[PDB]
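In: Experimental structure and sequence below, a few questions after.
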Amino acid sequence: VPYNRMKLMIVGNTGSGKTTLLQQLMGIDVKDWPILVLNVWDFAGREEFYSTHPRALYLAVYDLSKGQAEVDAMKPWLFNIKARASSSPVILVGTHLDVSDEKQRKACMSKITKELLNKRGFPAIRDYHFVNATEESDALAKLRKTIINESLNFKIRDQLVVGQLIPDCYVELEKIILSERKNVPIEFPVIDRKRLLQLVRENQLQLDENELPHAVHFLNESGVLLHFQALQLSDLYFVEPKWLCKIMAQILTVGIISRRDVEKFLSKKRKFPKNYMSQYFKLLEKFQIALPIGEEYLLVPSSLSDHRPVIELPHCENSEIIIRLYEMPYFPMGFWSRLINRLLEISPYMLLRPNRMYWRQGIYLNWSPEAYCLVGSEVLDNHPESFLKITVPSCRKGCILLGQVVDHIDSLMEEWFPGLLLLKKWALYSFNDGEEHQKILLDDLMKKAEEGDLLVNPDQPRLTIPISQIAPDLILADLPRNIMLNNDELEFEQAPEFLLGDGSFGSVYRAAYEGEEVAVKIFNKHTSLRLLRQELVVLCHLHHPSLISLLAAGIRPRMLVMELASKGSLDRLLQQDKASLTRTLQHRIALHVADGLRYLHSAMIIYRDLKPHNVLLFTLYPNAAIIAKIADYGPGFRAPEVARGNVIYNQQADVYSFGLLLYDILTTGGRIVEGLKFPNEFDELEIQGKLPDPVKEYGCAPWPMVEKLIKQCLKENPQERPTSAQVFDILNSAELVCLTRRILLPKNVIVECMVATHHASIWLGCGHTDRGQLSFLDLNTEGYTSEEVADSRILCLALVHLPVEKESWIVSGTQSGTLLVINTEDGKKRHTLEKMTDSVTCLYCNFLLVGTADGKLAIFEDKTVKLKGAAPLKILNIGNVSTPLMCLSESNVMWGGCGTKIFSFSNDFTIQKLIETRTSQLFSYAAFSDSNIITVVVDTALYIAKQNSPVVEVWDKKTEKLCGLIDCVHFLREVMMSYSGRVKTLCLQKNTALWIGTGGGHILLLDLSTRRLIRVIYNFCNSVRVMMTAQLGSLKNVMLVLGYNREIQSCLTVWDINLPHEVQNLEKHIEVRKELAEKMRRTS
Ligand SMILES: Nc1nc2c(ncn2[C@@H]2O[C@H](COP(=O)(O)OP(=O)(O)O)[C@@H](O)[C@H]2O)c(=O)[nH]1
Ligand SMILES: [Mg+2]
């Protein structure tokens, strides 16, 4: 709809009469003026808004009776206007004509025809008038006509360039919002409830990702409300303009003042939340009201004395100091307060605190007679142009100070006062102490710097000056010793065959430095020096192992010598050698990139470019201290948020980009990268966020943990996405590396036993029901079936393998005592062996050993079990009706548990010793010692776990003695009723790893050679049921951990058998690099 509202900006200096001008025509006094409704902003006082937060017409008002001097005073105002809206209309109005002789009128008339109306650099004043008085006038009638017609003309001009007129149509929903924001009654008008207000007005502009940002954008430009977009009080805090302006302006007027006393006053004036108060102070900085000095003080630039304090500097002879001048036509408004804010952080030691003084128009830092710094404004007669003077003592520390000052000045101007980049840079020098200084432009000194000569007096050759004294910042004399270029080491040709690449900065060649391969950036005639120094500032102070460091810089040919990558960029590797891209290598690359991001984010630097083309590899050797680095720190791969082209980049954009990188790493084919070849789908795909399952879609081997990390990372909402610090923490995990698969079982399925086929599937029992039900899991497809095969509940399964006969059978022992034997190659071949006198408690198989609940051990001949109703070879009575067999271990002598005794068997099935373990109660606790044995692990000692024990007993089988206890509670006691500490199962690996499962979701990794805790693996599931060691169909060895996850959920987790080693190796890796980070940062 045809929006017909436009802003009127009235500017001028204090005492101009501009408010009364407005009155008759009809910090900032804001009121509507229906004529066309104008939103009139009367900048009554020094409202910095015109620089702190700069469809509008400008009315420039000045006092004619003051004259030409006032006209000149308006140049900064005009500059500022042009600097933010050169296309906007400007009407120049002189006032006080009734007390100003026409001499002044025509003097100022000629003044503006000579210096503003026909002068570039000012926003082409559209028209002008002179007014006698605000009583009324024909001049004012004409002015009103001018304002109206010109504002119409302006919007016509916008239609010619922008495409919008004074009835330009804007989405009506935005118009509605304006009205909704008008209707707001809040004591402390700070808005967050806007989300609700959207919901109050039905739900308009529902594209929160696009329409909402546009509405907000409009709301600031249209003069309705205020976002403050890196502040915390920014996005969710929309504030009434009247309060923002009023309160901050008042506090200025309510010069060093302690923060706390300001807080005291403010708390009485307006009871803001202390959180808001911290932001309040931050706003004072950003709006140039007050600058932070120490953490307890504010400078308050405005109102500082403007009578440069008497300062006597040490050093007096011309050769003792260095002087630099900046010639300007006028200082921009706010130039000084911004400059001061930057200069306050200067320090010659950053590579005692200074006695600082403030002039408003200058800063004096003291430190020491050895190194001090004075920056301030000075003006000479017959030279209208104002200008800066910088003075430092001529020595290395003085140089360092100078470098910092001029870098801040140039950066200030590039960001805030472009257009000037005027700024005539002069250096002062003399050929003899006691004489006057001579001026020279730095451009000419640069011409001489290229020659490398002394500055030579053209009239008298005997008089020369070593350039460095005049300009030690043209020659890079302020570099750290560590990066000064040694010209006897650097070896390069600049020949075509060494060209590695180029750009707007010049070109890059391959070279040698101190015997190493390096890359040399050359600033080949591209506004050099300034670009060079900008790069030097960024490169220094960033010293992380994952970044490309600087290996000396040199002004003689203007070079940056940097580290050259040995294996090249990731992108190439992805497309050229998947064999190198092992699972181990991939993980390490992810760590190194994550560190770089964490570091740069803590350094307040947004990378904005994470793609495979930017990742450099320095060795494919998986176990190296440094593998990947991020290039050039300081396309279709964009976050969907920033892809809109209407928001601001931040760490969350980088995080999203990282997630995509990780996705690209996961699928080593670079399948989405191949998608780039069809960019119309590729860029949109990323925008949609609808990425396909990396496993299913590309045929990529499973990698859980990472898979969910990517999903967690790539969220649509920036506030939901993980921080880069968190991303790293997640990547820093042995579990991440070694977890390979996780299969959930169907709801309400309880498996009490497992048999993996050693040849890729698992036979599962089922204790959920009370019926003999046998299930089956296909690891190749994660397929699952199940059928009832027996009456009573299946207790134990065993695999009979007869490779000689080319067949195998599953033996199912159950509660009834029967043995159901089923051919694995033929489900129809089912038969039952001689029924046992009690239930079957365990199976082992060659002989099929059947341990029953009455302590009886049946031994069946290897092949015999094929026949239905077959009887055992022999039967032994070990225990009794109350002492069941529960474990047959063998690692050809058997060992096992019977009640509280440990038995052992020969190859003739004779008892070789009955070790009563009840005597262990002399140690530990009798109710733990006196309990049925659950499992026996046979190594160089026996490891016994008893039912409901928290302690594992270690026995010396050679002497039958207790040789130690393992307290599981203790280990988890060190870890900060899920912590039952009950031991569930014991597995043993011959590399000394001992795997102990427990009641809660924890797995302890112990070191058998020292009996020490390697690591606690936890938050696995609710409870661990069984653990198996099994070789996969790929021949890879893994742990099969079956657990409960009560919602009776249960699941199978597959772990890489080398977990114990990965835990230790990873830990080492992380620590080594940690030390290197400190090494680098400390050198500086
Ligand atoms: N002689 C004369 N004085 C004026 C005229 N316009 C404004 N002034 C005086 O200027 C004062 C208004 O200043 P004001 O606009 O409040 O101050 P400012 O906002 O800082 O410029 C009143 O005293 C006016 O009488 C005029 O046309 N003729
Ligand atoms: Mg006023």
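Out: That came through, no problem. Residues are numbered from 1 along each chain as shown. Ligands and ions are numbered 1, 2, ... in the order given.

In: can you pull the contacts of whatever residue of the stretch 151-300 of the chain ends up closest to ligand 1?
Out: Of all residues in the stretch 151-300 of the chain, residue 249 sits closest to ligand 1, at 14.2 Å by C-beta to the nearest ligand atom. Where C-beta positions appear, they are placed from N, C-alpha and C, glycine not excepted. By C-beta atoms under 8 Å, 6 or more residues apart in numbering, residue 249 lies in contact with 27, 45, 47.

In: same thing but 6 Å
Out: For residue 249, the contacting residues are residue 27, by C-beta atoms under 6 Å, 6 or more residues apart in numbering.

In: Only the buried residues of the host helix or strand of it, if you could.
Out: Using DSSP states H and E, residue 249 maps to helix 241-253. Going by neighbour count (16 or more other C-beta atoms under 10 Å), the buried part of helix 241-253 is 241, 244, 245, 247, 248, 249, 251, 252.

In: Closest to ligand 2 out of these?
Out: The closest of these to ligand 2 turns out to be residue 249 (C-beta to the ion; 13.5 Å).

In: count of neighbours near residue 808?
Out: 17 (other C-beta atoms under 10 Å).

In: Mind listing the strands whichever strand or helix holds it pairs with, and their directions?
Out: Assigned by DSSP H and E, residue 808 belongs to strand 807-814. With DSSP bridges as the test, strand 807-814 is paired with strand 794-802 (antiparallel), strand 819-823 (antiparallel).

In: Export those to TSV and append columns for distance to ligand 2 and mean neighbour count.
Out: Converted to TSV, the strands paired with strand 807-814 look like this (distance: least, C-beta to the ion, whole Å; neighbours: other C-beta atoms under 10 Å):
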stretch	distance to ligand 2	mean neighbour count
strand 794-802	94	20
strand 819-823	99	21
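
In: Of all those strands, which one comes closest to residue 231?
Out: strand 794-802 (64.5 Å; C-beta to C-beta).

In: Output that closest one in CSV, but only the C-alpha positions, please.
Out: Extracted in CSV, the C-alpha atoms of strand 794-802 (Å, rounded to 0.1, in the frame of the first residue of the first chain):
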residue,chain,number,x,y,z
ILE,A,794,15.0,-69.7,26.7
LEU,A,795,17.9,-69.2,29.0
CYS,A,796,21.0,-70.0,27.1
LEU,A,797,22.1,-70.2,23.5
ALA,A,798,25.1,-71.9,22.0
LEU,A,799,26.6,-72.3,18.5
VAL,A,800,27.6,-75.8,17.5
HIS,A,801,29.9,-75.5,14.5
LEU,A,802,30.8,-78.6,12.5
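
In: show me what contacts residue 1028?
Out: Contacts of residue 1028 by C-beta under 6 Å, 6+ apart are 754, 1040.

In: swap the cut-off to 8 Å and go again
Out: 754, 756, 987, 1039, 1040, 1041, 1042.

In: Kindly provide the distance from it to ligand 2.
Out: To ligand 2, residue 1028 is 86 Å away according to C-beta to the ion, to the nearest Å.

In: Residue 681: what's it in contact with?
Out: Taking C-beta under 8 Å, 6+ apart, one finds residue 675 in contact with residue 681.

In: wait, is it part of a strand?
Out: No - the assignment for residue 681 is helix, going by DSSP: H, G, I helix; E, B strand; the rest coil, so no strand is present there.

In: Closest one of the contacts of residue 1028 to residue 695?
Out: Nearest member of those to residue 695, counting by C-beta to C-beta, is residue 1040, at 20.2 Å.

In: Find the helix or strand that the nearest residue to the closest one once chain neighbours are set aside is a member of.
Out: In space, residue 1040 comes closest to residue 1028 once its chain neighbours are excluded; the distance is 4.2 Å by C-beta to C-beta, 6 or more residues apart in numbering. Element membership for residue 1028, per DSSP H and E: strand 1023-1031.

In: Just the buried residues of the very next helix or strand once past that strand, please?
Out: Using DSSP H and E, the next helix or strand after strand 1023-1031 towards the C-terminus is strand 1037-1044. For strand 1037-1044, burial by neighbour count (16+ other C-beta under 10 Å) applies to 1038, 1039, 1040, 1041, 1042, 1043, 1044.

In: got the angle between strand 1037-1044 and strand 1023-1031?
Out: Going by axes from the mean of the first three to the mean of the last three C-alpha atoms, to 10 degrees, strand 1037-1044 is angled at 160 degrees with respect to strand 1023-1031.

In: So residue 1051 versus ligand 1, what's the distance?
Out: 76 Å (C-beta to the nearest ligand atom, to the nearest Å).

In: For that residue, what are phi and psi?
Out: phi -160, psi 160 (degrees, to the nearest 10).

In: Do a quick rundown of the strands in the stretch 151-300 of the chain.
Out: In the stretch 151-300 of the chain, the strands defined using DSSP state E, counting those that start in this stretch lie at 190-191, 238-239, 257-258, 297-298.

In: just the stretch 701-850 of the chain next, same as before
Out: Under DSSP E, counting those that start in this stretch, the stretch 701-850 of the chain gives strands at 739-744, 754-756, 761-764, 772-778, 783-790, 794-802, 807-814, 819-823, 830-832, 840-844, 847-852.

In: among those, which is nearest ligand 1?
Out: Closest among the strands of the stretch 701-850 of the chain, using C-beta to the nearest ligand atom: strand 739-744, at 71.6 Å.

In: Mind giving me the packing neighbours of the closest one?
Out: strand 1050-1056 (3 or more C-beta pairs under 8 Å, 6 or more residues apart in numbering; DSSP states H and E).
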